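A closer look at the structure
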Amino acid sequence: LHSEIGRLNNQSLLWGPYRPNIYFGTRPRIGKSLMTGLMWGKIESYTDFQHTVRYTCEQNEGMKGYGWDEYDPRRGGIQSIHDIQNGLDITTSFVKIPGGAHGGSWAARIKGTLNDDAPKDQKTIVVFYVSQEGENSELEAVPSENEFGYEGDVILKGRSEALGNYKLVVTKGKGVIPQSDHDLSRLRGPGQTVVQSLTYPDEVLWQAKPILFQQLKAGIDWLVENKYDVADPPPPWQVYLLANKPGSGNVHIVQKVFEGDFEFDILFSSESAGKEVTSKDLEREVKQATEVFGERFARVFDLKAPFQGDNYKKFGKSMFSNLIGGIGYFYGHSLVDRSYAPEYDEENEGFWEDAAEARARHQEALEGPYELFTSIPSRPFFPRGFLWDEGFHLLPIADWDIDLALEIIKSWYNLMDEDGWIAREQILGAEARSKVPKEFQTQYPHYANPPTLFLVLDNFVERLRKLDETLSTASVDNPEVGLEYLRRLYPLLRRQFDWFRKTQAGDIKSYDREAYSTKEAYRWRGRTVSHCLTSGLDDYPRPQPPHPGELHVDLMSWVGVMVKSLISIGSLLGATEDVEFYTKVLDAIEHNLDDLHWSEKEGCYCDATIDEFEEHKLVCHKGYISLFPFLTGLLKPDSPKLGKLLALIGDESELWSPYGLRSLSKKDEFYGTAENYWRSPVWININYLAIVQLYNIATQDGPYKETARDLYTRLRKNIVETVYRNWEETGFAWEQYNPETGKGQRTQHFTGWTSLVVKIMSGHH
Ligand SMILES: O=[N+]([O-])c1cc(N2CCOCC2)ccc1NCc1cccc(CN2C[C@H](O)[C@@H](O)[C@H](O)[C@H]2CO)c1
Ligand SMILES: *[C@@H]1O[C@H](CO)[C@@H](O)[C@H](O)[C@H]1NC(C)=O
C-alpha cells in the first residue's frame with residue numbers, strides 16, 4: 001500500500017508551474033524534459049522592448065505586485081500580475097487534468113487587460129518559449145497552411161521516454177492583431193502568429209531571454225542587409241516580429257503581437273490519456289479547482305475571532321496561496337568545498353582569519369547533479385531551498401496536504417551526504433546559479449542550519465497517533481503507510497543528529513566548566529566577527545570576539561528539539577536501544593541549559609564564551625536568543641525560569657512592541673546598530689514559535705496559565721494585524737516589521753515564513 005500511495009503521489013504531483021523564479025512557466029518533476037516560459041512587453045519604439053520585456057520575477061517601482069489568488073499543486077491555480085511599466089493586468093490560470101501513464105495533462109489561459117492609464121491601442125509582444133532536454137526525445141512544430149505564419153492554433157508534437165507522446169497547442173487567442181501595409185509585409189506577412197524552431201546544446205536551453213534576443217537581432221540584421229532603412233522604416237512591432245520558420249528542434253519560440261486586450265490558451269495533451277484537452281476542458285477544470293480550493297480552505301484554515309471577517313479570509317488565502325504557489329522543482333549541480341580543510345575545525349582563537357585563507361584556496365567544485373522539490377522564501381529575491389526556512393513553510397502546507405509536506409521533507413533528506421550534512425542553501429543548476437553572485441554560491445559541509453523540519457515531523461507524529469482529497473491525507477489515514485515513511489526517514493534523522501553532535505560540538509572539558517554533563521554543549525561553526533549566518537539570525541549579537549570556547553544556547557535548544565522528535569519516532573518504531581540513548585541526552589540538555597546558559601542576574605538564557613583569563617562568562621543580549629529553551633518547548637510549564645521569560649516577553653521596555661516581539665531588547669547596547677537585521681525588527685517565524693508556546697501554557701493547569709493566555713491573545717492579535725495592515729496598504733508579505741512604526745521593511749513577496757500568519761489566525765495548535 002506504501003508502494004501504491006508512492007506511485008499515486010508521483011503521478012498526482014509530476015506536472016506544475018514549478019518555475020517560481022519566472023512569472024509563469026511549467027516543468028515536470030524530471031531533471032531533463034519539457035519546460036515552458038511566458039514573456040511579454042509593450043513596444044512603443046525601436047529600442048524599448050529589450051527594456052519592457054518580462055520573464056524572471058523582480059520587484060521595483062515598475063511592478064505594482066503579483067501572486068497566486070488560489071493554488072494547489074495537485075489541481076493548479078490562478079495568478080494575478082499587475083504590471084505598471086507595461087500597462088497590463090495579466091491572469092495566468094493553470095489546471096491539471098489527470099489520466100494516462102505519464103503524470104497527465106495540463107492547460108493554462110493567459111489573459112492580458114490594459115489598465116486605465118495605458119493607450120487603448122498599445123502593442124504588446126507575447127512569447128511562449130518551449131524547450132526540451134534529453135538525448136533521445138523530439139519536439140516538432142506542425143507547419144501552417146498559410147505563407148508567413150499562423151491564422152489559428154500552433155501545434156507542437158513531441159516524444160520522450162519520460163512523457164511518452166504528447167502535443168502542446170498554443171491557441172489562436174482573442175484580441176486585435178496589428179496589420180502592416182509596409183513593403184516588408186510582402187516578405188514577412190501583414191502580421192500574424194509566428195514560430196521559430198531551433199537547436200542549442202541542452203545545457204543552455206534555460207537562457208530563454210538571450211536566445212529570443214539573438215533571434216530578434218538576426219531579424220533586424222536581415223532588415224539592414226535588405227535595404228529596409230530610416231527613409232521608410234517598418235513599424236516597431238513588425239521589426240520585432242520573427243520570420244516564421246517552424247520545424248523540429250529542442251527550442252520553439254511562439255510569438256504573438258496584440259493591439260489592446262488579449263487572451264490565448266496552452267493545451268498540453270498526454271497521448272496515453274483519452275481525448276486531447278480543449279479550451280472547454282480548461283474553463284470547466286478552472287471552475288472546479290476554485291470550488292475545491294474554497295471548500296478545503298474553510299475546513300483546513302477556519303479563522304477564529306477576531307479574524308472571522310471576509311477581509312481576513314481574503315488575506316489568509318493570499319498569504320497561503322503565495323506560500324504553496326512558491327513550490328519549485330530544481331535540478332542540477334551544487335557548488336561545494338569538499339576540501340574539509342583543517343582551518344574549518346575553528347579550534348584556534350582568530351579562527352575566522354584561518355577559515356578565510358582556506359576559502360581563498362578555492363577548492364570548491366561542481367557536484368551532483370541533484371534534484372529538490374521545495375517551497376521558497378521569495379520568488380523575486382530568494383527562489384531556492386533554504387533548510388530552516390522550509391521547516392516554517394511546511395507547517396501551513398502540512399495542514400493543507402500532509403502528503404505534499406512529506407514529499408518535500410523526503411526530497412530534502414535525499415540530499416544528505418554520507419556524513420549527515422544537507423547544505424543550508426540549495427543552488428541547483430546554472431539557472432539557479434544565475435540569480436546568485438559566485439562569492440556566495442559555495443556551500444560548506446561544516447555549516448549547519450536549525451533543524452526546523454523536525455517541527456513538521458512532530459505535527460505529523462501527533463496526527464499519526466490522534467482521489468486528490470484522498471492522497472492529501474493517505475499517510476495519516478493509512479497508519480501502515482505513515483509508519484513505513486518514518487521507518488525509511490528515521491536513519492537519516494538519526495544521522496543528522498549525530499552529525500550535529502560531531503561537527504557542532506562545544507568545549508566543556510578543556511576549561512574550568514562545571515555542569516551536570518561533560519557531553520552536552522554546542523557551538524555554531526562558521527561565525528565571523530559581526531555574524532553567525534548558520535544560526536539563521538545573521539547579525540544577532542554574539543560573544544565578542546568569536547572564540548572556540550563559545551557556547552550557543554539556541555543550538556543546544558535545537559538539539560533538544562531533535563532528541564524529543566527521535567524519542568517519539570524511535571518509540572513508534574520500537575528502537576528501544578535508541579530511545580534509551582535519546583532519553584539520557586534529553587535529561588543532560590535539560591540540566592546543562594541551566595548550568596551553562598542560565599543567568600540569575602539577568603533573568604534569561606545567554607550564550608557563553610571564555611574570558612581573557614580563560615574562565616566561563618555568560619554574554620546576555622536580551623532578545624530572541626534569550627527565549628530559545630521556551631521557544632523550542634524544552635521548559636516545564638511550572639518552571640520559575642519560564643515565568644521570568646514570560647516577564648521579559650511581556651515587558652514593553654524590552655521585547656514587547658505594539659507590532660510583536662522585537663528580535664533584540666530596546667535596552668541592549670546593539671539595539672538598531674549596524675545592518676539592524678535581527679537587532680530590533682519583528683520576525684514572524686520566531687513570533688510564531690512564541691505564540692505556539694504561549695498557547696501550550698494557556699491550555700494547561702499551572703502557575704502561569706493566565707499570564708500565558710493574556711500574552712497569547714495579544715501577541716496573536718498584534719502579529720496578524722501588523723502583517724494584515726501591511727498587506728492591505730502594499731499588497732505584500734514583508735520579510736520583517738518595524739517595531740516603532742509597524743511598517744514592512746527589507747524584502748517584499750516573503751512567502752516565506754511570514755505566511756505562518758494563516759496558521760496563527762486558525763489557532764487551536
Ligand atoms: O548579500 N545578498 O546577496 C543579499 C541580497 C539582498 N537583496 C537582493 C537584491 O535587492 C534586494 C535585496 C538582500 C539580502 C541579502 N542578504 C543575505 C541573504 C542571503 C540569502 C537569503 C537571505 C534571507 N534570509 C536571511 C535570513 O536571516 C535567514 O534566516 C534566512 O534563512 C534567509 C532566507 O530567507 C539573506
Ligand atoms: C517519481 O518516480 C520515478 C519512477 O517511479 C522515480 O525515478 C523518481 O525518482 C520519482 N520522483 C523523484 C523526484 O524521485
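Rules and cut-offs
Residues numbered from 1 in each chain as written, not as in the entry; some residues may be left out. Chains lettered and ligands numbered in written order. Heavy atoms only, no water. Residues with missing side-chain atoms left out of burial classes, pairs and counts. Near = heavy atom within 4 Å. Polar contact = N/O pair within 3.5 Å; in protein donor to acceptor, adjacent residues only side chain to side chain. Areas by Shrake-Rupley, 256 points an atom, 1.4 Å probe, with all protein chains shown as cover. Nonpolar A, V, L, I, M, F, W, Y, C, P; charged D, E, K, R; others polar. Helix = DSSP H or I, 4+ residues; strand = E, 2+ residues; numbered from the N terminus. Pairing = 2+ DSSP bridges. Buried < 20%, exposed > 50% of the residue type's maximum accessible area, 1.4 Å probe, protein only. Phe/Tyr/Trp six-rings, centres within 6.5 Å; stacked < 30°, edge-to-face > 60°. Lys NZ or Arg CZ within 6 Å of the ring centre and 35° of its normal.

Its PDB record attributes the structure to X-ray crystallography, giving the resolution as 2.1500 Å.

1. Re the site of ligand 1
Around ligand 1 sit 14 residues in total, of which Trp388, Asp389, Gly536, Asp538 and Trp678 are the nearest. In this structure, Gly536 approaches ligand 1 through a main-chain N or O atom, which is 2.5 Å from an oxygen atom. Protein chains bury 64% of the 720 Å² of accessible surface belonging to ligand 1 in isolation. Each residue belonging to the shell around ligand 1 can be placed in one class, and the counts come to nine nonpolar, two polar and three charged.

2. So, unusual backbone geometry
Of note, the amide linkage connecting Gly368 to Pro369 takes the cis form, showing an omega dihedral of 10°. Following the sequence through the fold, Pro369 ends up in strand β16 (residues 365–374). With a phi angle near 35°, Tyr340 is a residue other than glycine that sits in the positive phi range. Relative to the assigned elements, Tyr340 resides in the loop between β15 (328–336) and α8 (351–359). The phi angle at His749 is positive, at roughly 55°, despite the residue not being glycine. Relative to the helices and strands, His749 resides in the loop between β26 (744–748) and α22 (757–762).

3. Notes on the pairing of strand β25 (residues 734–737)
Sheet topology note: the β25/β26 ladder contains three bridges and is antiparallel. The residue bridging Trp734 from the neighbouring strand is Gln748, located in β26. Between β25 and β26, which pair antiparallel and follow one another directly, the connecting turn spans six residues, one of which, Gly742, has a positive phi of 85°.

4. Focus on the environment of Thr699
Take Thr699: it is sitting in the loop between α20 (684–698) and α21 (705–730). Taking relative accessible area as the criterion, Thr699 reaches 39% and is therefore assigned partly exposed. Residues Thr699 and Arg709 lie ten residues apart in sequence; the distance between their C-alpha atoms is 7.9 Å. Here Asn696 takes part through its backbone oxygen, which lies 3.0 Å from a polar atom of the side chain of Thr699.

5. A closer look at the packing of aromatic side chains
Applying the stated criterion to the full structure yields 46 aromatic pairs. Here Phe94 and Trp106 contribute two aromatic rings whose centre-to-centre distance is 5.8 Å and whose plane-to-plane angle is 40°, an arrangement assigned as tilted. Residue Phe94 is located in strand β6 (residues 88–97), and its partner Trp106 is located in strand β7 (residues 105–114); the two are separated by twelve residues in the primary sequence. With respect to burial, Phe94 and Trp106 carry one shared label: buried. With centroids separated by 5.0 Å and ring planes inclined at 40°, the aromatic side chains of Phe293 and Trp400 adopt a geometry described as tilted. Taken together, the positions of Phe293 in helix α6 (residues 279–300) and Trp400 in helix α9 (residues 387–400) put the pair 107 residues apart, joining distant regions of the chain. For the pair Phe293 and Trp400, one class covers both residues: buried. The structure contains a cluster of three or more aromatic residues connected by ring pairs, namely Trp388, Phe392, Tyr624, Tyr677, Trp678, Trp683, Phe750 and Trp753. Over the ring of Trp400 we find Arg296, and its NZ or CZ is 5.1 Å from the ring centre.

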